[PDB]
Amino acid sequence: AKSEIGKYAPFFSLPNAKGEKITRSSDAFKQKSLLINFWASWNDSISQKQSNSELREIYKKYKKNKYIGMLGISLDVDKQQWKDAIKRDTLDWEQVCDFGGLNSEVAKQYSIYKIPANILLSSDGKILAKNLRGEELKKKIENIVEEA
């Protein structure tokens, strides 16, 4: 219930590849809406590949945008496997992982029942949508950008 649409996002604070803790209020994301994608290198499935294709297109279009940010949260347990995937899969938006895996607190807090998954937050942290894909995702991001 804590991650249902319209609720405020549960807190997280998770380390990036350099070990810096990132939150929804880190400088890259403050005052922006935030698209958070969940994945793991141990699930390089067709669905994950599709999500990645879609997310690479969003990042390419919106990487230097005032209104929208992107964060990848991995459920990997192995740091080298995680970093290797970031490189191979060109996951060039910010990436975090605490190596807890399915036992990672963030996975429980966000009630992740499968991966890939995603969640979209307003700049005030409100949960706008979950598990958006395809044209619907495209349109929601376009709308956020238009709302300025």
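In case it trips you up, residue 1 is the first one in the sequence shown, and so on.
- Relative to one another, 88-96 and 27-35 have unequal mean CA B-factors, and 27-35 is the one with the higher figure.
- Two stretches are in play, 138-146 and 2-10, and the higher mean C-alpha B-factor belongs to 2-10.
- Across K79, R56, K64, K49, the greatest Cα temperature factor reported in the deposited entry is at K64.
- Note on the listed residues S45, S41, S104, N118: the highest Cα temperature factor in the record is that of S104.
- For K114, the recorded CA B-factor ranks within the lowest third of the chain. Only modelled residues enter the ranking.
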